[PDB]
Asks: 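The following block contains the structure, expressed as structure tokens.
Residue indices begin at 1 and follow the sequence shown. Any value given below was found using the heavy atoms of this structure, including those in side chains, with hydrogens, waters and symmetry copies removed. Atoms within a ligand are numbered from 1 in the order they appear, just like the ligands themselves.
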Amino acid sequence: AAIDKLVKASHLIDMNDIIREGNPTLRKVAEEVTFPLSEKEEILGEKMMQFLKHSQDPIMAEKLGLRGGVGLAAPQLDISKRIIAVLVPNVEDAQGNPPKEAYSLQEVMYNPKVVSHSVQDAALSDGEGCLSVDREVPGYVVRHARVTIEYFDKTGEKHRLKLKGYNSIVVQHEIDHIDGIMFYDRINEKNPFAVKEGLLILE
Ligand SMILES: [Zn+2]
Ligand SMILES: [Zn+2]
Ligand SMILES: [Zn+2]
Ligand SMILES: [Zn+2]
Ligand SMILES: [Zn+2]
Ligand SMILES: [Zn+2]
Ligand SMILES: [Zn+2]
Ligand SMILES: [Zn+2]
Ligand SMILES: [Zn+2]
């Protein structure tokens with residue numbers, strides 16, 4: 001099964017593990033995981049996180065043929081479980097100094113969900129992309145500006161977290177994957193760049 005390939009100790013997730021647009025697994029609602037985690041579900045989370053680290057490392061991205069990435073959902077690896085990893089980096093300053101925090105968000109989330117959100121909407125000004133999508137998809141992907149999520153980590157400990165800015169956009173994108181929603185489902189059907197008043201455009 002997919003999961004058996006993925007969790008072999010020597011296996012590194014790369015682009016050949018990523019299923020594509022059209023594969024029915026991207027359109028399912030993923031199955032809740034139960035605690036304590038199997039060995040597999042735990043190893044799967046570490047691999048997914050390892051993949052995002054690799055994709056942001058100039059050397060490993062080049063060794064593995066990996067495109068830069070900040071989130072990955074298990075549906076994208078053909079695994080219908082409610083498991084996402086998020087790794088959102090902070091940026092150096094004009095002087096070249098690393099940030100205090102390497103990441104604004106670094107987490108493997110089991111059973112994540114949006115429990116509440118803002119009336120206000122937000123969109124990345126640059127559109128969104130997807131590891132599974134090999135097309136140029138222009139337009140504003142309309143999301144919530146702010147969300148409160150709950151989720152479990154690999155110990156089964158429950159977290160309640162509020163997010164805004166880019167972290168919020170990233171997490172919504174990944175949660176959508178475990179619900180069978182693709183980014184272009186939240187792009188206006190007639191005008192991709194339609195701005196409804198009040199929309200927070202993130203630069
Ligand atoms: Zn592989
Ligand atoms: Zn069930
Ligand atoms: Zn472990
Ligand atoms: Zn490594
Ligand atoms: Zn929502
Ligand atoms: Zn709502
Ligand atoms: Zn995606
Ligand atoms: Zn609750
Ligand atoms: Zn459409």
Asks: On a heavy-atom basis, which atom in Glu128 and which in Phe183 lie closest, and how many Å separate them?
Replies: O-CE1, 3.4 Å
Asks: Test of geometry: compute the angle NE2(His173)-the Zn ion (ligand 7)-NE2(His177) and round it to 10°.
Replies: 100°
Asks: Run through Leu87, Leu6, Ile18 and flag the one making a side chain to side chain contact (heavy atoms under 4.5 Å, CB included) with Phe51.
Replies: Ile18
Asks: Return yes when at least one N/O/S atom of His144 is nearer than 2.8 Å to the Zn ion (ligand 5), and no when none is.
Replies: yes
Asks: Taking 2.8 Å as the cut-off, does an N/O/S atom of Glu189 lie below it from the Zn ion (ligand 9)?
Replies: yes
Asks: Judged by modelled atom types alone, do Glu31 and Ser80 share a side-chain donor-acceptor pair under 3.5 Å?
Replies: no
Asks: Under a plain distance cut-off of 3.5 Å, with no hydrogens placed, do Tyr110 and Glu41 share a side-chain donor-acceptor pair?
Replies: no
